[PDB]
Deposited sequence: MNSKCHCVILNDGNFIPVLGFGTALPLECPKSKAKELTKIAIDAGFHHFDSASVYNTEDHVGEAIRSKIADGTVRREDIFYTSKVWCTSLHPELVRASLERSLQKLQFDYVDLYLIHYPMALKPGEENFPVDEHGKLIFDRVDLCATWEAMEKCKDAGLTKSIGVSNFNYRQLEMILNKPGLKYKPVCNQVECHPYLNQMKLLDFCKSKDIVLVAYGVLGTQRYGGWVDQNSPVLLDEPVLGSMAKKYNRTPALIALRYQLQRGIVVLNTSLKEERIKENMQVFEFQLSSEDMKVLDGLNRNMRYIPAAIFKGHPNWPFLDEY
C-alpha cells in the first residue's frame, strides 16, 4: 500500500523508523531492520544524526543479496541535521549518508529541523554553560541545496520535518522555487492530531508523515501514557484489536503516512495488522475528540532558538 508524493513518486503508508535508544548498540538497528523487512516493511525512516545508517544500510543490502527484496522495493528516507543546513554542507551530508549506506541514492531526504547549529562534527555543540550553540541560516538557501540534490539524482524526493505553517509557507512562497516539499514529518497522534497543520498541508499537496503516533526517571516513565487512554482501550476491544493498532489505523484513514518502531519482534509483526481493518466514520470522529495539544517531543534542548517551530499554534 502506497500513496503518491507531489513529485510523482510513491511512498509506503507504513514506515519503520530506525532511531535507537541511547543505550542499544548501533548494531541493534541492523537486526531490527531485517526483522521488519521479513515482516513486510519496505519504508525505512532514518537520519544522519541517529548514526544507525551504516547498519540500516548493511541490513537492507543483506536482504538484497539473498534476494529477499529489490533496491527499488525499498523506500529509504534520510535527513540532514541542523549542523549542516548551510547550502555547501547539505550535499556533503547526503553523500556521507550514502557512503555509510552504500546506496547510490535515497528515496527521500528531509531537513530534520528548521533550526541550525554550529557546523562541526559534534551534532550537539555546546558552550561552557552547556547551552546549545545556535546558528542562523537562510533556509530558502538550504532548500535550494536540496533541490540540487534531487536534480543531482542523490535523492528521488525531498521534504521537511518539524516545520510549522509559516516555515512551510516561507518555502512555498519562495521566489524561484523549483520543487515543493513532498511532506512535513511531524509528531501526530490522538492527543495531537495536528489537524490545523494537516489541512494546511493537504491544501498544498504536501503529505504529513506522522511519528510519535503511539508516544515514546521512574515517575514520568510510569505516568499514564497515550496507549493507556480508555477511549482507545475500549474501542480496541470493540474491534478485537490492540489500542496501538486503533491508534495506527486512525492515522492511516486520515491519509497520513505513519512511521513506527519496536525492539520486540512480536510487536513489529503485529503492526502490519493495520491493514486488516477499518474504523467506522463515527469512531473516527470520536478519536478526533481526544486531541489535547499534548506535544510529547518538544525538542526542549532547542527552546531558546530563534526558530523553535513549536511556539506557534501550528
| item | value |
| --- | --- |
| Gaps in the model, given as deposited-sequence positions counted from residue 1 | 1-5, 222-225 |
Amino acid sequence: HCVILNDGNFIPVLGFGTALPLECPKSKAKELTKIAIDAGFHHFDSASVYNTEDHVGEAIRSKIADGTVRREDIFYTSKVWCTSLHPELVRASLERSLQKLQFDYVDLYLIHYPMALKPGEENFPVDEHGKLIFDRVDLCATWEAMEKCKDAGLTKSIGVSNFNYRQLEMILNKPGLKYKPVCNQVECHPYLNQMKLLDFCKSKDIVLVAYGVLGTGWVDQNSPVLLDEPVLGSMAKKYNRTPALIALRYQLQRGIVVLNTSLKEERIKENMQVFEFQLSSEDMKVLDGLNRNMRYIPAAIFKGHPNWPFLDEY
From here on, numbers count along this sequence of modelled residues.
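Heads up, when I say rigid core I mean the largest set of C-alphas that superpose within 1.5 Å between the two forms.
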{"query": "Core-aligned Cα RMS comparison in 5 other deposited structures of this protein - stretch that moves more, 108-116 or 223-231", "finding": "223-231"}
{"query": "Of 23-31 and 243-251, which departs more from this form in 5 other deposited structures of this protein by CA RMS after core fitting", "finding": "23-31"}
{"query": "45-53 or 279-287, whichever carries the higher mean Cα B-factor", "finding": "279-287"}
{"query": "246-254 versus 260-268 - greater average Cα B-factor per the deposited record", "finding": "260-268"}
{"query": "Residue with maximal Cα B-factor (values as given in the PDB entry) among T155, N193, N240, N164", "finding": "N240"}
{"query": "Selection from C24, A299, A19, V13 [criterion: highest C-alpha temperature factor in the record]", "finding": "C24"}
{"query": "Among modelled residues of the same chain, the CA temperature factor third for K148", "finding": "middle"}
{"query": "Chain thirds of CA B-factor: placement of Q221", "finding": "middle"}
{"query": "Record-listed C-alpha B factor of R91: chain third", "finding": "middle"}
{"query": "Third of the chain's Cα B-factor distribution that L232 belongs to, per the entry", "finding": "highest"}
{"query": "Ranked C-alpha temperature factor of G120 among modelled chain residues, by third", "finding": "middle"}
